[PDB]
Amino acid sequence: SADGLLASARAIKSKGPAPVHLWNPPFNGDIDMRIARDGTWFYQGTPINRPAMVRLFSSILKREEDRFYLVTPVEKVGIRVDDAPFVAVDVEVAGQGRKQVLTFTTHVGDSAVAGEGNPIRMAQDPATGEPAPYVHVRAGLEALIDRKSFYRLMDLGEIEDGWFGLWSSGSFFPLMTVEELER
């Protein structure tokens, strides 16, 4: 129907994240694309080991309600996202204590400064029931924070009014109860 993976990638050009909320093209169907929980894109069930192309398609990700699309000015297609569209693979701290700022980098190279504009959210693992936290990157597209980055964040956490969590950019993001941290 009737332009494929590589052809579609050749039609896109991006210097960066596209202003997809300017665009409301008609829906052309769902494609067999799935962003796995670990950030891997699958096409027709086969992974794409191709970070350039993953960055290119990621530039045109758009969230509507709870679903995800790839959107250009002329076309919109639905994709499947298992969990978050991105994985946060790095976190950088600056400053100290309650004044600290956390800058995250995602697996496609985007940067998100944690704070009110890009909040950190606590969720639990569907599977484990263990804490799985996210950070907002843009326009409702969130990054799941990976193990390596999570464990470094534990060491930069703080307690305020019953909750263990993270200060970034002057705002406090609860992650779990004190009770929970103590377990």
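Residues numbered from 1 in each chain as written, not as in the entry; some residues may be left out. Heavy atoms only, no water. Residues with missing side-chain atoms left out of burial classes, pairs and counts.

The record lists X-ray crystallography as the method behind this PDB entry and 2.500 Å as its resolution.

Quick word on the overall build of the chain
Assigned secondary structure in the chain consists of four helices and 15 strands. Taking 2.2 N^0.38 as the reference for a compact globule, 183 residues should give roughly 16 Å; the C-alpha atoms of the chain span a radius of gyration of 18 Å, in line with that estimate. Taking all contacts inside the chain whose residues are at least 6 apart in sequence as the whole, residues at least 24 apart take part in 52%. (Helix = DSSP H or I, 4+ residues; strand = E, 2+ residues; numbered from the N terminus. Rg over C-alpha atoms; globule rule 2.2 N^0.38 Å. Contact = heavy atoms within 4.5 Å.)

Topic: the pairing of strand 11 (residues 134-138)
In terms of residue burial, strand 11 counts as a mostly covered element, since five of its five residues are buried. Bridge count for strand 10 (residues 120-121) against strand 11 is two bridges, and the pairing is antiparallel. Opposite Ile120, over in strand 11, you have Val135 as the bridge partner. Here four bridges tie strand 11 to strand 12 (residues 141-145), and the two strands are oriented antiparallel to one another. In the strand pairing of strand 12, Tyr134 is matched with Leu144. The loop that links strand 11 with its antiparallel partner strand 12 comprises two residues; one of these, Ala139, has a positive phi angle of about 50 degrees. (Buried < 20%, exposed > 50% of the residue type's maximum accessible area, 1.4 Å probe, protein only. Pairing = 2+ DSSP bridges.)

Thoughts on helix 3 (residues 147-154)
Regarding helix 3, the residues found buried are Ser149, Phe150 and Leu153. All buried residues of helix 3 fall inside an arc of 100 degrees around its axis, so they share one side. Residues of helix 3 that are buried make contact with strand 7 (86-94), strand 8 (101-106), strand 12 and strand 14 (163-168). (Arc of directions from axis to C-beta.)

Brief notes about the packing of aromatic side chains
A complete count under the given rule lists four aromatic pairs for this structure. Ring geometry for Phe27 against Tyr69: centres 6.2 Å apart, planes inclined by 85 degrees, an arrangement best described as edge-to-face. Linking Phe27 in strand 1 (residues 27-35) with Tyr69 in strand 5 (residues 67-71), this pair joins segments that are 42 residues apart in sequence. Assessed through its relative accessible area of 9%, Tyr69 is described here as buried. Taken together, a centroid distance of 5.3 Å and an interplanar angle of 55 degrees make the contact between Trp167 and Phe172 tilted. By relative accessible area, which is 15% here, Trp167 ends up buried. (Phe/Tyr/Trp six-rings, centres within 6.5 Å; stacked < 30°, edge-to-face > 60°.)

Concerning the pairing of strand 6 (residues 76-81)
On any regular strand, side chains alternate: one points to one face of the sheet, the next to the other face. Taking burial as the measure, the six residues of strand 6 include five buried ones, the bulk of the element. In this structure, strand 1 lies alongside strand 6, joined through four bridges in parallel fashion. Across the sheet, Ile35 pairs through a bridge with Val81, a residue of strand 6. Alignment of strand 5 against strand 6, held across four bridges, turns out to be antiparallel. The residue bridging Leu70 from the neighbouring strand is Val77, located in strand 6.

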